[PDB]
Structure formats: C-alpha cells, structure tokens
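In: Sequence first, structure after; it's an experimental one.
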Amino acid sequence: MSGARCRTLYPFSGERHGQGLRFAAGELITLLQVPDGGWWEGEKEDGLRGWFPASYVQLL
C-alpha cells in the first residue's frame, strides 16, 4: 500500500467541460495527494487524472 485507497459511492457531475475525470460507482481508486481535509486526485487504469472532494469517495 504505497498510497491510500478509497471506494467511490456514486460519482455525480454537472460541469462537464474538456477531459473531466469520470469514476465508476463502487470503483476502487487510490488518491494521488494527501491534504488533511482537502481535494484528492484520483488515478484510473483509463490513464487520466483529476481532483475531486471526499464527498464522492469513502476511505478504505
């Protein structure tokens, strides 16, 4: 465990402009940043990256 993993509940959206990073529901995503009470960048096997709040993910 190099970085902390988290399971997405239900990834909701609204501002879809450019290559916005879409997670799947129930998906196992590791964070790429660790600010205490901040935004975390999710990694995907898809190969893209983007920062989202803890609201859409659940720390494992």
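Out: Here it is on my side, so go on. Numbers count the residues shown, from 1 in each chain.
In: who are the neighbours in contact with the spatially most central residue of the chain?
Out: Centroid check for the chain by CA atoms, centre = their mean gives residue 42 as the closest residue, at 3.5 Å. Counting by CB atoms under 8 Å, 6 or more residues apart in numbering, residue 42 touches 21, 23, 29-32, 49-52, 57. In short, each C-beta sits where N, CA and C put it, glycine included.
In: just the residues you listed now: which is nearest residue 14?
Out: residue 52 (12.6 Å; CB to CB).
In: Could you measure from that closest one over to residue 12?
Out: 10 Å (CB to CB, to the nearest Å).
In: Comparing those two, which residue is more hemmed in?
Out: Shown here are residue 52 and residue 12; by other CB atoms under 10 Å, residue 52 has more neighbours (19 against 8).
In: could you say which helix or strand contains the nearest residue to the more buried one once chain neighbours are set aside?
Out: Spatial nearest neighbour of residue 52, excluding adjacent residues (CB to CB, 6 or more residues apart in numbering): residue 42 at 6.1 Å. Using DSSP states H and E, residue 42 sits in strand 40-43.
In: picking up where we left off before, give me the buried subset of the contacts of residue 42.
Out: Buried members of the contacts of residue 42, scored by 16 or more other CB atoms under 10 Å, are 21, 23, 29-31, 50, 52, 57.
In: Report the distance from the strand holding residue 42 to the chain centre.
Out: Distance of strand 40-43 from its chain centroid, counting by CA atoms, centre = their mean, to the nearest Å, is 4 Å.
In: buried sites along that strand?
Out: Those buried within strand 40-43 under the rule 16+ other CB under 10 Å are 40, 42.
In: out of the contacts of residue 42, which are inside strands?
Out: Using DSSP state E, the members of the contacts of residue 42 that fall in strands are 29-30, 49-52, 57.
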